[PDB]
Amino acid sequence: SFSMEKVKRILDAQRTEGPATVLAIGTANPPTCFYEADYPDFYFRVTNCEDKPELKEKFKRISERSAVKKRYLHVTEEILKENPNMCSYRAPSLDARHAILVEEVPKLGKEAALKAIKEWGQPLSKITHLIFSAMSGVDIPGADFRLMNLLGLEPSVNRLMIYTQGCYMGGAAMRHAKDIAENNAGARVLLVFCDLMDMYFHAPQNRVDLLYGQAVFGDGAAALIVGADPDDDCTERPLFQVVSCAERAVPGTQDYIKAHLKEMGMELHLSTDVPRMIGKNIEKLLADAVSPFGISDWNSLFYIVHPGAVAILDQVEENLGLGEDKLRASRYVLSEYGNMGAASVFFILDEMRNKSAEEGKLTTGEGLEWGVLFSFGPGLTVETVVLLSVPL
């Protein structure tokens, strides 16, 4: 109990007062922009499948119904010519794909992170934690380690590296950031998502889910700084406050989304019933999250909804009975960027703060006080994050 007195001193010192907050957001994308109208022509030519015109028409109809206008993609024609096995279905190409990703993932992560750090305005040495979430590029040491050296973070930065899990990771990694920030006084967390879909590129198949992915998956990186108790003696300023995080595996849906890391790259299996399943469950998930704060009117909230597909946003809008403009920011990111995996919701969060400032709203949350962020991934995992806006 002499020792437990010493421990209690340490615990006392580390206490925080307020909730974890997002202090900054920065994003980045691969250079090459692919417009949806032209992608079918590009895709079927570069895979030498122009002799399958019926399949191409089936792909165009999916692309045209996608509500994606354009995407930034790491995979280019030059990369496909340098690595032809990426275009031959099931041919061994994992080594080529990883070679391409192992340097590019941390690199695009740095671009996003630098923008975040710039907004934040504090020295690199104040970053105590780094969380790196990446769909692809599995390597040892990981992208977190590479990013730490690219940025010049302290060698003592506490790191967490999470590979190859899926689109629920936005909400899930935010939960981990929240716990770090709130349990450690002074902690400032750099949270980075970098999702390059190169491993999911394959020659076109007669599979609705593969074609959808080929039409909708986009690339992007987002970085956030998360911390509790913003310091007034510096230019630190909260954008949103993280009130609560919840996660749920929807029973009976294990097989809805599966992806296997194989010699041919990533082998995907994705049910077309995912948007309906989400629509069936969304209201109960929302109610459990915001009922503790007395909220029962769904239209009084601002929304960040992971844009997995346009059907998903429609199902959320419909089953919550939202007004027609409620999901604007979510649809905007789907339109301008496509589905960029876990990074997507933070592109939306970024977009929302900017649109709000631009329109003269009184809060970063479209003028509203309370809001909710939703992430959806395998299998099926749903993240529900309650947010507070900040006044403007």
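Numbering starts at 1 and runs along the sequence shown.
In this entry, the higher average B-factor at the C-alpha atoms falls on 70 to 78, of the pair 129 to 137 and 70 to 78. Relative to one another, 28 to 36 and 49 to 57 have unequal mean CA B-factors, and 49 to 57 is the one with the higher figure. Between the residues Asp229, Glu103, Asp144, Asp273, it is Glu103 that shows the highest Cα B-factor in the PDB record. Based on the entry's C-alpha B-factors, the most elevated value among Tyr89, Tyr303, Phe193, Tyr168 belongs to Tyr89. The PDB entry assigns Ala246 a C-alpha temperature factor belonging to the middle third of its chain's modelled residues. Sorting the modelled residues of the chain by their CA temperature factor places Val208 in the highest third.
Ranked within its chain, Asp233 lands in the highest third, by CA B factor from the PDB record. Residue-level temperature factors show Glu267 in the highest third of its chain, judged at the C-alpha atom.
Per the deposited record, the Cα B-factor of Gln214 falls in the middle third when ranked against the other modelled residues of its chain.
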